[PDB]
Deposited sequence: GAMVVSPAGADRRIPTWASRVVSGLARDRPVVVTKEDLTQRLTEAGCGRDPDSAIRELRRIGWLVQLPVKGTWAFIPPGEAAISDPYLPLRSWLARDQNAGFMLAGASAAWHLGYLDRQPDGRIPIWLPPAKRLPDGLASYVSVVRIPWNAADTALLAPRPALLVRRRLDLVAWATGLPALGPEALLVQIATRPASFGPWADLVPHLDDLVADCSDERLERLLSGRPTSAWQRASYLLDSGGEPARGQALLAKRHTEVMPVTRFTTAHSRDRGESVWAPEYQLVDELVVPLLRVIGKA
(Lines of atoms letter the chains of each structure in order from A and count residues from 1; the text may use other names and numbers.)
(Lines give C-alpha, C1' and ligand atoms only; values in the text may rest on other atoms or scores of the structure.)
Protein backbone atom coordinates (compact mmCIF):
# COMPACT_ATOMS: atom_id res chain seq x y z
CA UNK A 1 0.00 0.00 0.00
CA UNK A 2 2.57 2.59 1.08
CA UNK A 3 6.16 3.61 0.52
CA UNK A 4 7.47 5.06 3.82
CA UNK A 5 10.39 7.38 4.48
CA UNK A 6 12.72 5.68 6.98
CA UNK A 7 13.39 9.17 8.36
CA UNK A 8 9.81 10.04 9.27
CA UNK A 9 8.09 13.22 8.06
CA UNK A 10 10.61 15.69 9.43
CA UNK A 11 13.69 15.27 7.19
CA UNK A 12 16.86 17.32 7.12
CA UNK A 13 17.95 18.76 3.81
CA UNK A 14 21.71 19.11 3.52
CA UNK A 15 22.64 22.30 1.67
CA UNK A 16 24.29 20.39 -1.21
CA UNK A 17 20.89 18.77 -1.89
CA UNK A 18 18.71 21.88 -1.40
CA UNK A 19 18.06 22.59 -5.10
CA UNK A 20 17.74 18.88 -5.90
CA UNK A 21 15.08 18.37 -3.25
CA UNK A 22 13.35 21.70 -4.08
CA UNK A 23 13.22 20.75 -7.76
CA UNK A 24 11.69 17.33 -7.01
CA UNK A 25 9.29 19.05 -4.56
CA UNK A 26 8.18 21.45 -7.35
CA UNK A 27 7.97 18.83 -10.11
CA UNK A 28 6.69 15.80 -8.16
CA UNK A 29 7.62 13.09 -10.69
CA UNK A 30 5.72 9.79 -10.14
CA UNK A 31 9.00 7.88 -10.20
CA UNK A 32 12.57 9.23 -10.10
CA UNK A 33 14.99 7.50 -12.47
CA UNK A 34 18.74 7.49 -11.90
CA UNK A 35 19.08 9.60 -15.07
CA UNK A 36 16.56 12.16 -13.79
CA UNK A 37 18.43 12.47 -10.50
CA UNK A 38 21.82 12.70 -12.32
CA UNK A 39 20.55 15.60 -14.46
CA UNK A 40 19.04 17.37 -11.43
CA UNK A 41 22.37 17.11 -9.56
CA UNK A 42 24.20 18.73 -12.51
CA UNK A 43 21.54 21.46 -12.78
CA UNK A 44 21.98 22.25 -9.06
CA UNK A 45 25.73 22.82 -9.60
CA UNK A 46 26.24 19.71 -7.50
CA UNK A 47 29.30 17.74 -8.55
CA UNK A 48 28.52 14.71 -6.36
CA UNK A 49 28.77 11.23 -7.80
CA UNK A 50 25.12 10.32 -8.62
CA UNK A 51 25.34 6.95 -6.80
CA UNK A 52 26.78 8.68 -3.73
CA UNK A 53 24.11 11.41 -3.86
CA UNK A 54 21.36 8.78 -4.08
CA UNK A 55 22.82 6.72 -1.20
CA UNK A 56 22.78 9.76 1.06
CA UNK A 57 19.34 10.88 -0.10
CA UNK A 58 18.17 7.31 0.62
CA UNK A 59 19.82 7.34 4.04
CA UNK A 60 18.22 10.61 5.02
CA UNK A 61 14.83 9.53 3.67
CA UNK A 62 14.05 11.57 0.56
CA UNK A 63 14.40 8.73 -1.97
CA UNK A 64 13.13 5.18 -1.38
CA UNK A 65 14.42 2.47 -3.70
CA UNK A 66 11.80 0.91 -5.96
CA UNK A 67 11.82 -2.75 -7.21
CA UNK A 68 13.00 -1.93 -10.71
CA UNK A 69 16.71 -1.13 -11.09
CA UNK A 70 17.46 2.57 -11.45
CA UNK A 71 14.19 3.87 -9.97
CA UNK A 72 13.26 5.57 -6.69
CA UNK A 73 10.24 7.18 -5.13
CA UNK A 74 10.57 10.78 -3.92
CA UNK A 75 8.80 11.31 -0.61
CA UNK A 76 7.61 14.92 -0.79
CA UNK A 77 8.20 17.53 1.91
CA UNK A 78 5.66 17.32 4.73
CA UNK A 79 4.78 13.67 4.10
CA UNK A 80 5.92 10.56 5.88
CA UNK A 81 4.84 8.20 3.07
CA UNK A 82 3.27 7.75 -0.33
CA UNK A 83 -0.07 5.96 -0.60
CA UNK A 84 0.05 4.31 -4.02
CA UNK A 85 -0.09 0.53 -4.23
CA UNK A 86 1.09 0.40 -7.83
CA UNK A 87 4.47 2.09 -7.48
CA UNK A 88 6.30 -1.17 -8.34
CA UNK A 89 4.48 -1.21 -11.71
CA UNK A 90 4.93 2.50 -12.33
CA UNK A 91 8.65 1.97 -11.66
CA UNK A 92 8.65 -0.62 -14.43
CA UNK A 93 6.95 1.81 -16.89
CA UNK A 94 9.57 4.40 -15.87
CA UNK A 95 12.29 2.13 -17.30
CA UNK A 96 10.22 0.49 -20.07
CA UNK A 97 7.22 2.33 -21.52
CA UNK A 98 6.43 -0.94 -23.38
CA UNK A 99 6.29 -3.12 -20.23
CA UNK A 100 3.03 -4.47 -21.67
CA UNK A 101 1.32 -5.54 -18.43
CA UNK A 102 -2.27 -5.06 -17.46
CA UNK A 103 -3.73 -5.08 -13.95
CA UNK A 104 -5.62 -8.38 -13.65
CA UNK A 105 -7.55 -10.59 -11.25
CA UNK A 106 -8.38 -8.88 -7.95
CA UNK A 107 -6.99 -5.47 -8.95
CA UNK A 108 -9.06 -5.31 -12.12
CA UNK A 109 -12.14 -6.57 -10.21
CA UNK A 110 -11.59 -3.96 -7.48
CA UNK A 111 -11.50 -0.96 -9.81
CA UNK A 112 -14.36 -2.34 -11.96
CA UNK A 113 -16.35 -2.45 -8.71
CA UNK A 114 -16.91 -6.17 -8.11
CA UNK A 115 -15.22 -6.46 -4.70
CA UNK A 116 -16.37 -5.56 -1.21
CA UNK A 117 -12.83 -4.96 0.07
CA UNK A 118 -9.71 -3.47 -1.40
CA UNK A 119 -7.41 -6.36 -2.09
CA UNK A 120 -3.93 -6.43 -0.64
CA UNK A 121 -0.85 -8.54 -1.33
CA UNK A 122 1.10 -8.93 -4.52
CA UNK A 123 -0.35 -7.01 -7.47
CA UNK A 124 -2.04 -9.35 -9.94
CA UNK A 125 -1.12 -8.59 -13.56
CA UNK A 126 -1.45 -10.21 -16.95
CA UNK A 127 1.60 -10.32 -19.22
CA UNK A 128 1.76 -11.53 -22.81
CA UNK A 129 3.72 -14.81 -23.42
CA UNK A 130 6.68 -12.96 -24.91
CA UNK A 131 7.27 -10.50 -21.99
CA UNK A 132 9.58 -11.25 -19.05
CA UNK A 133 8.96 -9.89 -15.59
CA UNK A 134 11.98 -7.98 -14.26
CA UNK A 135 13.47 -10.07 -11.40
CA UNK A 136 13.16 -7.29 -8.81
CA UNK A 137 9.38 -7.38 -9.28
CA UNK A 138 8.62 -11.04 -8.41
CA UNK A 139 8.03 -10.22 -4.69
CA UNK A 140 5.55 -7.48 -5.64
CA UNK A 141 3.47 -8.90 -8.49
CA UNK A 142 1.77 -12.19 -9.39
CA UNK A 143 1.58 -12.92 -13.11
CA UNK A 144 -1.26 -14.67 -14.91
CA UNK A 145 -0.19 -15.97 -18.28
CA UNK A 146 -3.13 -16.66 -20.58
CA UNK A 147 -1.83 -16.52 -24.17
CA UNK A 148 -4.09 -13.75 -25.43
CA UNK A 149 -2.95 -11.78 -28.52
CA UNK A 150 -0.89 -8.90 -27.07
CA UNK A 151 -1.77 -6.95 -30.24
CA UNK A 152 -5.47 -6.81 -29.41
CA UNK A 153 -5.48 -4.81 -26.13
CA UNK A 154 -8.81 -3.27 -27.21
CA UNK A 155 -10.21 -6.72 -26.56
CA UNK A 156 -8.54 -6.97 -23.12
CA UNK A 157 -9.32 -3.48 -21.86
CA UNK A 158 -12.88 -2.54 -20.86
CA UNK A 159 -15.02 -1.06 -23.58
CA UNK A 160 -14.85 2.74 -23.32
CA UNK A 161 -18.68 2.84 -23.61
CA UNK A 162 -18.87 0.55 -20.58
CA UNK A 163 -16.60 2.89 -18.56
CA UNK A 164 -18.89 5.83 -19.43
CA UNK A 165 -22.07 3.93 -18.45
CA UNK A 166 -20.35 2.83 -15.23
CA UNK A 167 -19.24 6.42 -14.36
CA UNK A 168 -15.60 5.33 -14.54
CA UNK A 169 -12.96 7.71 -15.81
CA UNK A 170 -11.94 6.74 -19.35
CA UNK A 171 -8.27 6.93 -18.42
CA UNK A 172 -7.91 6.93 -14.61
CA UNK A 173 -10.42 4.29 -13.45
CA UNK A 174 -7.50 1.93 -12.51
CA UNK A 175 -5.36 4.89 -11.30
CA UNK A 176 -3.85 5.38 -14.73
CA UNK A 177 -2.51 1.89 -15.43
CA UNK A 178 -3.81 -0.51 -18.13
CA UNK A 179 -6.29 -3.00 -16.65
CA UNK A 180 -8.39 -5.92 -17.83
CA UNK A 181 -12.03 -5.23 -18.52
CA UNK A 182 -14.87 -7.40 -17.18
CA UNK A 183 -14.77 -9.82 -20.11
CA UNK A 184 -11.05 -10.49 -19.76
CA UNK A 185 -11.45 -10.70 -15.99
CA UNK A 186 -14.25 -13.24 -16.28
CA UNK A 187 -12.31 -15.30 -18.82
CA UNK A 188 -9.21 -15.14 -16.62
CA UNK A 189 -10.92 -16.46 -13.52
CA UNK A 190 -12.87 -19.14 -15.50
CA UNK A 191 -9.68 -20.28 -17.27
CA UNK A 192 -7.55 -20.37 -14.12
CA UNK A 193 -9.67 -20.01 -10.97
CA UNK A 194 -6.53 -20.47 -8.81
CA UNK A 195 -5.08 -17.27 -10.27
CA UNK A 196 -7.76 -15.29 -8.47
CA UNK A 197 -7.65 -14.81 -4.68
CA UNK A 198 -10.71 -13.14 -3.13
CA UNK A 199 -13.46 -15.43 -4.50
CA UNK A 200 -15.67 -14.91 -1.43
CA UNK A 201 -15.36 -11.15 -2.01
CA UNK A 202 -16.31 -11.53 -5.69
CA UNK A 203 -19.09 -14.13 -5.72
CA UNK A 204 -21.84 -11.91 -4.22
CA UNK A 205 -21.29 -9.53 -7.17
CA UNK A 206 -21.38 -11.94 -10.13
CA UNK A 207 -24.68 -10.42 -11.30
CA UNK A 208 -22.93 -7.04 -11.51
CA UNK A 209 -19.97 -8.52 -13.45
CA UNK A 210 -22.08 -10.53 -15.88
CA UNK A 211 -24.31 -7.56 -16.76
CA UNK A 212 -21.11 -5.73 -17.88
CA UNK A 213 -19.84 -8.42 -20.26
CA UNK A 214 -20.52 -8.50 -23.95
CA UNK A 215 -20.91 -12.12 -25.06
CA UNK A 216 -19.07 -11.47 -28.35
CA UNK A 217 -16.02 -10.25 -26.40
CA UNK A 218 -16.30 -13.22 -24.05
CA UNK A 219 -16.32 -15.55 -27.00
CA UNK A 220 -13.27 -13.98 -28.67
CA UNK A 221 -11.34 -14.02 -25.37
CA UNK A 222 -12.27 -17.71 -24.82
CA UNK A 223 -11.16 -18.65 -28.32
CA UNK A 224 -8.23 -21.03 -27.85
CA UNK A 225 -8.81 -21.61 -24.15
CA UNK A 226 -9.48 -25.20 -23.04
CA UNK A 227 -13.10 -26.40 -23.09
CA UNK A 228 -13.12 -26.25 -19.30
CA UNK A 229 -12.71 -22.45 -19.48
CA UNK A 230 -15.79 -22.23 -21.68
CA UNK A 231 -17.74 -24.43 -19.24
CA UNK A 232 -16.69 -22.34 -16.26
CA UNK A 233 -17.26 -19.01 -18.02
CA UNK A 234 -20.71 -20.09 -19.12
CA UNK A 235 -21.52 -21.25 -15.59
CA UNK A 236 -20.45 -17.79 -14.29
CA UNK A 237 -23.00 -16.23 -16.66
CA UNK A 238 -25.61 -18.63 -15.25
CA UNK A 239 -24.54 -17.81 -11.68
CA UNK A 240 -24.85 -14.06 -12.47
CA UNK A 241 -28.47 -14.72 -13.35
CA UNK A 242 -28.15 -15.24 -17.09
CA UNK A 243 -28.64 -18.97 -17.79
CA UNK A 244 -29.75 -18.40 -21.41
CA UNK A 245 -26.59 -16.36 -22.16
CA UNK A 246 -24.44 -19.02 -20.47
CA UNK A 247 -25.88 -21.88 -22.53
CA UNK A 248 -25.58 -19.86 -25.76
CA UNK A 249 -21.96 -19.01 -24.99
CA UNK A 250 -21.18 -22.62 -24.21
CA UNK A 251 -22.68 -23.69 -27.54
CA UNK A 252 -20.01 -21.62 -29.35
CA UNK A 253 -17.03 -23.63 -28.00
CA UNK A 254 -14.67 -25.18 -30.53
CA UNK A 255 -14.67 -28.74 -29.17
CA UNK A 256 -17.91 -30.78 -29.16
CA UNK A 257 -17.11 -33.41 -26.52
CA UNK A 258 -17.29 -31.99 -23.06
CA UNK A 259 -15.51 -33.86 -20.24
CA UNK A 260 -16.84 -33.10 -16.74
CA UNK A 261 -14.96 -30.16 -15.21
CA UNK A 262 -14.53 -28.97 -11.63
CA UNK A 263 -14.90 -25.33 -10.64
CA UNK A 264 -12.39 -25.22 -7.82
CA UNK A 265 -9.24 -23.38 -6.68
CA UNK A 266 -7.93 -26.69 -5.29
CA UNK A 267 -10.02 -29.87 -5.35
CA UNK A 268 -10.58 -31.77 -2.06
CA UNK A 269 -16.52 -28.50 1.57
CA UNK A 270 -19.57 -29.18 -0.62
CA UNK A 271 -20.49 -29.20 -4.36
CA UNK A 272 -23.35 -28.61 -6.82
CA UNK A 273 -23.79 -30.37 -10.18
CA UNK A 274 -24.55 -28.27 -13.25
CA UNK A 275 -25.23 -30.71 -16.12
CA UNK A 276 -25.93 -27.81 -18.55
CA UNK A 277 -22.17 -27.03 -18.35
CA UNK A 278 -20.96 -30.51 -17.38
CA UNK A 279 -19.62 -28.83 -14.30
CA UNK A 280 -19.15 -29.76 -10.66
CA UNK A 281 -19.10 -26.47 -8.73
CA UNK A 282 -16.93 -26.70 -5.59
CA UNK A 283 -16.44 -22.97 -5.38
CA UNK A 284 -19.08 -20.46 -6.41
CA UNK A 285 -22.25 -21.87 -4.75
CA UNK A 286 -20.30 -23.41 -1.80
CA UNK A 287 -18.81 -19.95 -1.02
CA UNK A 288 -22.25 -18.32 -1.37
CA UNK A 289 -23.49 -20.92 1.12
CA UNK A 290 -20.79 -20.11 3.70
CA UNK A 291 -21.44 -16.36 3.21
CA UNK A 292 -25.21 -16.70 3.86
CA UNK A 293 -24.56 -18.59 7.13
- What ranges of the deposited sequence, counted from 1, have no C-alpha atoms in this structure? 1, 270 to 272, 298
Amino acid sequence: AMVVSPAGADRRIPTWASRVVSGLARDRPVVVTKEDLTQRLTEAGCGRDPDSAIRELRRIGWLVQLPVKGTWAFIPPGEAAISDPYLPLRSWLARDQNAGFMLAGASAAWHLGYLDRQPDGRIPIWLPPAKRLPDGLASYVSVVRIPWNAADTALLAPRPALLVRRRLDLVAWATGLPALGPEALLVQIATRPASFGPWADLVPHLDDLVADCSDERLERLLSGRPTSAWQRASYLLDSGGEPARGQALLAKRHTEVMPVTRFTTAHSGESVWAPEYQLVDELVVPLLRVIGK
From here on, numbers count along this sequence of modelled residues.
- Mean C-alpha B-factor higher for 259 to 267, or for 233 to 241? 259 to 267
- Between 150 to 158 and 89 to 97, name whichever shows the higher mean Cα B factor according to the PDB entry. 150 to 158
- Query: Checking the entry, which one of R26, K34, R40, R48 has the top C-alpha B factor?
  - Reply: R48
- Query: What third of its chain, lowest, middle or highest, does the C-alpha temperature factor of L115 fall into?
  - Reply: highest
- Going by the entry, which third of its chain does the Cα temperature factor of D135 land in? highest
- Note on the structure: For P198, the third of its chain by CA B-factor is the middle
- By the record's CA B-factor, is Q188 among the lowest, middle or highest third of residues in the chain? lowest
- Note on the structure: The third of the chain into which the C-alpha temperature factor of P178 falls is the middle
